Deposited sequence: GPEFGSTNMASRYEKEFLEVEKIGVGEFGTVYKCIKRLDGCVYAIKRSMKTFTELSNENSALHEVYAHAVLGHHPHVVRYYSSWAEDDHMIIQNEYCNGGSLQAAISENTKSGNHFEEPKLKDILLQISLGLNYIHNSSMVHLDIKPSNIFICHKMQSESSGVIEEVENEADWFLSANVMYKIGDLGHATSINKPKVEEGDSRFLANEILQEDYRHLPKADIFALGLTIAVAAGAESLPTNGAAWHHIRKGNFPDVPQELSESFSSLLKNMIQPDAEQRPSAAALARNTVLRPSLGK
């Protein structure tokens, strides 16, 4: 008479911590595949809006499956702790690949910055076409499979477009339009964060947290990357961080662009 998670899964290793929980690679005993399962470090719960778990729960019931969104399977409770079961991306974070890149002197090259952004753009389009918005796009929440395809994860900041409940994501990928509580075009904030996400993958410095370097970036000023790229590509990238607001390309207008 043990827990659903004990009886159903075999816990292989702990693989990360986030959204107020711990994630473990787990083999499901009955089908023998691998899943990433996040166990809430806290109990149900707090007040809404700024509540991760309700954002995750709402997003997982609105969205279906898409090849570039990390697939959701099941979610349940244990001793008042929430447990989320998602597909297991075996290549880890995109952030982790950039680090092992950076320490080893290498850097993602323009043919790969392009494919990183195209595939994420496809996944971002499915979210927005479901009238949802991610609100925490960064290499931490992009996952690699067969390691090749990138998928978006962490929906602790996700929300409906129509009646939004907004908790701003990571500040280093945060569009100033969101910081000033202008939710007139929320999907464009993921576009903005994606533009910076691709900047991190090209090899840019660790992004600024606040101050003038922050304020400099949100004036359309792309962060410095020790790398030269096509100014046809480089123009598209700065149209993604451009200041305010509806001008930035839609995830569909990005999933069509022959530059990519």
| task | Would you mind checking the deposited sequence against the model and listing the stretches with no C-alpha coordinates? | result | 1-8, 156-178, 292-297
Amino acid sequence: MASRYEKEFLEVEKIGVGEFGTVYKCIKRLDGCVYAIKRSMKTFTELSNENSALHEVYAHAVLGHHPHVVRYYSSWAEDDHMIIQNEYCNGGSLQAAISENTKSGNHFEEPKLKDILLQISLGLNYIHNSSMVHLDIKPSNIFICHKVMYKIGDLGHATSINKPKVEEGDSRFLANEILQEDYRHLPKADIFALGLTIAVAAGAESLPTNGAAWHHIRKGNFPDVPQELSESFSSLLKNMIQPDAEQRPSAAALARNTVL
From here on, numbers count along this sequence of modelled residues.
| field | Between 190-198 and 40-48 (mean CA B-factor, as deposited), the higher | value | 40-48
| note | Of 2-10 vs 249-257, the stretch with the larger average CA B-factor in the entry is 249-257
| remark: Among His55, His216, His68, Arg29, the highest C-alpha B-factor in the PDB entry belongs to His216
| note | For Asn106, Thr159, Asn125, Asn141, the deposited C-alpha B-factor is largest at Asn106
| query | Compared with the other modelled residues in the chain, in which third is the CA B-factor of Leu179? | reply | middle
| request: Could you say whether, by C-alpha temperature factor, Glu110 belongs to the lowest, middle or highest third of its chain? | output: highest
| remark: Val148: CA temperature factor from the record, placed by chain third, in the highest
| query | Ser130: which third of its chain by C-alpha temperature factor? | reply | middle
| note | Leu229: C-alpha B-factor third of its chain, per the entry, is the highest
